[PDB]
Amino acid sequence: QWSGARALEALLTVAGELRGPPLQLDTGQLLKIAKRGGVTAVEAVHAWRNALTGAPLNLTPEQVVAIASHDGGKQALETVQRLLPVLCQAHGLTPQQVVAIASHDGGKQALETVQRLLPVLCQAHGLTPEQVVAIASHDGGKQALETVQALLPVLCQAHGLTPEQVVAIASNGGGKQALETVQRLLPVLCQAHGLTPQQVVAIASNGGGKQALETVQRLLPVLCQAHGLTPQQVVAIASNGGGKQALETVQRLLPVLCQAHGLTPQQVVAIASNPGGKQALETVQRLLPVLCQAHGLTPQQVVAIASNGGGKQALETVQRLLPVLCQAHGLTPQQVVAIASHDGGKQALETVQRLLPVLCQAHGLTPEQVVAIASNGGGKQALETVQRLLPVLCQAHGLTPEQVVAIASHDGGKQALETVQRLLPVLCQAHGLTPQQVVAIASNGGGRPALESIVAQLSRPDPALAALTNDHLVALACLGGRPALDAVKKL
């Protein structure tokens, strides 16, 4: 037969019951768990399906999938049941944080290491818990914690890094590697290459920081003399998540892209200054003549689509979907370029293709309103959320559809919508704010934390905001959001 059938039979033999309460896992969730956690994760979920659902831990089903769908997810599950009370009580963390720590490869290690090392990190080095958690909240968190413990002193003192900087570095997959490599290369890159520490920190503060830093060290000279790049541009390529891959590729392709296709070096850096920038540069080299021919896309537009995270996915998706979107859905290509010119262009485009008729027919929106919603990072997330929430928002609350679209039409519009639904009653009913004001606060990027900040203050007043009326607090919220709301807490 096949070495895996006995395993898969066990997968489904259990899977059937997970569709029952308390979890009611759907095909999707179950796939996710089977795929990433393995057979032992799926059995673990089932075995402990009650223990971690209500009394005492009270996890949502989404939270249980979150923890179980990683390598060793079973171990993370047995560890969460053990340490979550301890961490929540003996260290003052919340449920959210613990789960966030648990939801990664080697989640048990990370949890156990937070338990063993949070006190010493928070005192002897004065890190805040929030910082101890951020460092923990990545694959291999255990290592980054131990490596932050070991190297925080030498990195602040012998190298001049602030604790904020040390944390930014560690709070990425392969965090230990990033730290150890900063130890070694930081003088070299500052003295030998004239980099400022803020830049070295910037490069190291992504996954594959180790590879990025090393590769900057190796190719910064080449790129600067022999290619006409400034150090500014080079750090940008390195610090943006494309890293090693993006740097190696730019060296390869910058000449070609400038020569054959008439791109400025500047246009080329913008394509690489994003996670997977290499995928983005190559795809451009393949598809720039294609999309500019049978379409009428200008290179500016093509560069624009390419100049975001997952530009390749964006460009490839534009190629497939442009006709059908223009022809069947009556979109101009300019609208099509607009939807694709953000991170996750692919998703926004696929989601518009699917949801544009339902948003218009069922909910009485204009295509313009659908493009506008879609023309932002996580547009897919905003579109699906408008669909779900636009009736309940403009039906009980009393919001206009124009208003809802204003909230949805910014990065994190899903967050801002879900948040407006939660907090509009209390803000209006309990603290006297008008709906138009709530919309105004949520009709900006960072809508969600803005709202939470202005509910924090009103509900549990800091006297340090005393001399400000509601309207004043609101004016701050619409201009600066959470940041402007707090800073004022420090005045």
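The first residue of the sequence shown is number 1, and the count goes up from there.
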**Fill in**
Once average C-alpha B-factors are taken from the entry for 106-114 and 185-193, the winner is 185-193
**Request:** Determine, for stretches 447-455 and 51-59, which one has the higher mean CA B-factor as deposited.
**Result:** 51-59
**Asked** In this PDB entry, which of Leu121, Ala340, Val370, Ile169 has the top CA B-factor?
**Response** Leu121
**Highest recorded Cα temperature factor - choice among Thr283, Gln211, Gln75, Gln217** = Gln217
**Fill in**
Quick tally, chain-level thirds of C-alpha B-factors: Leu30 sits in the middle
**Asked** So where's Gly207 on the chain's Cα temperature factor ranking, which third?
**Response** lowest
**Item:** Third of the chain, ranked by Cα B-factor, where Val65 sits
**Value:** middle
**Asked** Of the three thirds of its chain by CA temperature factor, lowest, middle or highest, which one includes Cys478?
**Response** middle
**Message:** Test of reading the entry: by CA B factor among the chain's modelled residues, which third contains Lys346?
**Reply:** lowest
